[PDB]
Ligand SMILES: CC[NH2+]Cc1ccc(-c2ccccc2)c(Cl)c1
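Just one chain is shown here, as structure tokens, and it is the form deposited without the named molecule.
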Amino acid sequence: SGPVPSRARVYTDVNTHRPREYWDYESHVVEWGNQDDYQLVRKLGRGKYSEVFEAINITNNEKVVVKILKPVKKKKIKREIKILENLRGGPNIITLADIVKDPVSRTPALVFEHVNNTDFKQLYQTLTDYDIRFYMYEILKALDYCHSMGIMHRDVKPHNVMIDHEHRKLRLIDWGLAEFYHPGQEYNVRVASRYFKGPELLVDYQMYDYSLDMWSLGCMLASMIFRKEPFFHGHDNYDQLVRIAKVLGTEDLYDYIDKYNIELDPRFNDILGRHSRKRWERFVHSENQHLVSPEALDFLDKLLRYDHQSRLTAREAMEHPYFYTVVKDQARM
């Protein structure tokens, strides 16, 4: 007997109610620009896989960011373009400005409106309590928007959050793993970086939704308020679930397994063992106590649930008491 089917609790049918062309990215017709409008200035430090550059638009002298889409399926390129076009102008969403190909190389590139190469990872272990709440709220605006637009990001992590801390501006970047949510669709579980992978990915439950992003956000929040990077520090994808099980406990894990009739990979049998659900107080110490409050712990607890259906939505998260002072100060200013 197969796994039990699942639906998103929110924004379940938004793509069904759209015209086919909104989400049918394989049939999207891209008018490919010319690279000659742009001059690359310097390579942005994004590690070994990346080809991201600061560039100049020659015509207007405006600074842009260029991402060279190194060889991968045509299908993945049209998916990222269509998602960026659909989300263009959304709150805290990076703005796609142009789509170009090398005249000779024929390699496709995305041009984005300029942001400083200063990610949340470089800032997010040195912020005040108020600033963690502020930036988390800004990330939730981007996630509620993309979820409301029928899209899951699937790669929420500090490296994909660009922050201009002087202007208190944030952008959610790298939509290369993002997908359209369709009720009943079984998705690839080989998404997200190890430390941010939701339990659904680790146990191979394919009928996941927007709630995957809310697990990743919880992992980010835990690492920031406890100053523990990453929070769930697995050796590999198998040990990753063990690190979660040692915190969330094994009772709720096996109840989740039972509820969705998930066939657990046999490897897990020897390694998961039996663990109590730990009180969050265990992670609190003298160097992180100024970031931890009852409000923060209540909010974190409601994000980090095995059962994806149980997790706060982005909109429910934005209504949590943890953000009351952020919401007040936003209206006031």
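The first residue of the shown sequence is 1; numbering continues from there.
Look at the C-alpha B-factors of 275-283 and of 41-49. On average they run higher in 41-49. The stretch with the higher mean CA B factor, choosing between 119-127 and 88-96, is 119-127.
Looking only at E80, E113, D102, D155, the residue with the top Cα B factor in the deposited structure is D102. Of the candidates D307, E295, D270, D301, it is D270 whose Cα B-factor is highest according to the PDB record. The entry lists a Cα temperature factor for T107 that places it in the highest third of the chain's modelled residues. In this PDB entry, the Cα temperature factor of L202 sits in the middle third of its chain's modelled residues. Among all modelled residues in its chain, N261 ranks in the highest third by Cα B-factor. In the deposited entry, the Cα temperature factor of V72 places it in the highest third of its chain's modelled residues.
Among the modelled residues of its chain, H182 has a C-alpha B-factor that falls in the lowest third according to the deposited record.
There is another form of this protein, the form deposited with the named molecule bound, and it is not shown here; the text below is about that form.
With the site C-alphas superimposed, the ligand pose in the bound PDB entry sets the named molecule onto this chain such that three or more atoms are within 2.4 Å of backbone or C-beta atoms; a blocked site results. Proximity of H159 to the named molecule in the bound PDB entry: non-hydrogen atoms within 4.5 Å are present. Among residues of the shown chain, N117 is one whose heavy atoms approach the named molecule to within 4.5 Å in the bound PDB entry. For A192, no non-hydrogen atom is located within 4.5 Å of the named molecule in the bound PDB entry, even though that partner is not displayed. At the 4.5 Å threshold, heavy atoms of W215 stay clear of the named molecule in the bound PDB entry, well away from it.
Checking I151, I244, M224, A142 against the named molecule in the bound PDB entry, a heavy atom within 4.5 Å turns up for just one residue: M224. The single contact residue among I132, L87, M207, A97, judged by any heavy atom lying within 4.5 Å of the named molecule in the bound PDB entry, is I132.
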